[PDB]
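Only one chain is shown below, in structure tokens, and it's the form deposited in one PDB entry.
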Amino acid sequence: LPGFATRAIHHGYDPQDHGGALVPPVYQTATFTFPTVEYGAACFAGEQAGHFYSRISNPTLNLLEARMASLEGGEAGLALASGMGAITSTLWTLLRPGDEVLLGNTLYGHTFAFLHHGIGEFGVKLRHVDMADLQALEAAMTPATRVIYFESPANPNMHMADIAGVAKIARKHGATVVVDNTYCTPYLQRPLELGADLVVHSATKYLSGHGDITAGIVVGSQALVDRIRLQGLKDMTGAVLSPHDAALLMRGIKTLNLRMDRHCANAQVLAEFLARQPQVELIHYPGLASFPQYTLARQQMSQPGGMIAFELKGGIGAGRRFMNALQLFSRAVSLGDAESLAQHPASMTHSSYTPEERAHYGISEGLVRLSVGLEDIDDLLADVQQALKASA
């Protein structure tokens, strides 16, 4: 009922319950005590029989979880030490040897490495499918298919999946659909509202917004999230989020809407500019009318995002020269920071892939990815302009 910005500030917290504290106190405590051992045993017996209690759990983490659940429109949330923590805790819970996971064609490097060199080496079967192509996806479904996992838009080429289409297919086989919603955040896209079962985030990125914490979030139905908490997190990863970092993340979430509006406004201008430049061969930005999945993008995303990928005609050398000339944009991995960032993976940083896997899946050569920050657009334009000139 209250609006997104209202919920991002207030959801799950009334100051009058914590001595009037306007900002909730930070529970930086590894443990909680009991009034009797009988009461203590009841807390662990509940958890031992699959029930999450909110007594032997941290109220700072609980509040972050409830708030993220509200923003994504899910039943329950789980906070973890990183995006990789969210992903691995989720998949280790849901998969066992002989199960199959159907994967988007393009994934974040460490997700790819986890799948191919981690869980995939313990007898879990993997298959990559184009998640926009529903007839290909339907034909890839097998009785072993238990999870469908993808990012949308897909890092780093912005390929989109048809989330409602995927969910419709999955539902015929009872398969669980997991969407990495890092790029969009719940402010731009809510995959659970389109039929996904679970969403994962690297909250290290836009949710934090300020580049100072590492964190992960899972949001979904109570039964799935409980199992990921009690098995994935507790037993299989130990990817515990610091209450300090959780509190900072909640601080970032309070400006999520305002930050995302600005990331998007800035990236729209840079995309319009780059699409016209002679040095630029191709560009991937969902807000351009020429984006191949323009219509699908606008069905799922309320705004076209803060990320741009493009390719320079001069290939790898031009890519390098462009990167090296940047003075305001920083040369770095990561995204979703106040500071604008750039990376040119042909100076390898989707490096978990071999050269042939990068070619087979959608990762190129003159390809530069920009995380457009919150700086004054006129300064960002000037920096991109002179770097483009230097790329000759």
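We number the residues from 1 along the sequence you see. The term rigid core refers to the most C-alpha atoms you can superpose between the two forms while keeping them within 1.5 Å.
When the two stretches 227-235 and 291-299 are set side by side, the higher mean Cα temperature factor goes to 291-299. Here the stretch with the larger average CA B-factor, out of 198-206 and 272-280, is 272-280. Per the deposited coordinates, the residue with the largest Cα temperature factor out of 61, 342, 68, 359 is 359. In the PDB entry, a CA B factor belonging to the highest third of its chain's modelled residues is recorded for residue 15. In the PDB entry, residue 313 places in the highest third of its chain by CA B-factor.
Residue 8 sits in the lowest third of its chain by CA B factor, as recorded in the PDB entry. Per-chain ranking of the deposited C-alpha B factor places residue 110 in the middle third. In the PDB entry, a CA B factor belonging to the highest third of its chain's modelled residues is recorded for residue 174.
Keep in mind that the form deposited in another entry is not shown, yet the notes after this line are about it.
With the core fitted between this form and the one not shown, just one of 338, 56, 66, 332 shows a Cα displacement of at least 2 Å, namely 56.
For residue 30, the Cα coordinates differ by under 2 angstroms between this form and the one not shown after the core has been superposed. A movement of the C-alpha atom of residue 362 reaching 2 angstroms or beyond is seen between this form and the one not shown when the two forms are aligned on their rigid core. Panel note: the distance between the CA atoms of residue 127 and residue 355 is larger in the other entry than in this form, the difference being 3 Å or more. Inter-residue distance, residue 51 to residue 245 (Cα): reduced by at least 3 Å in the other entry versus the depicted form.
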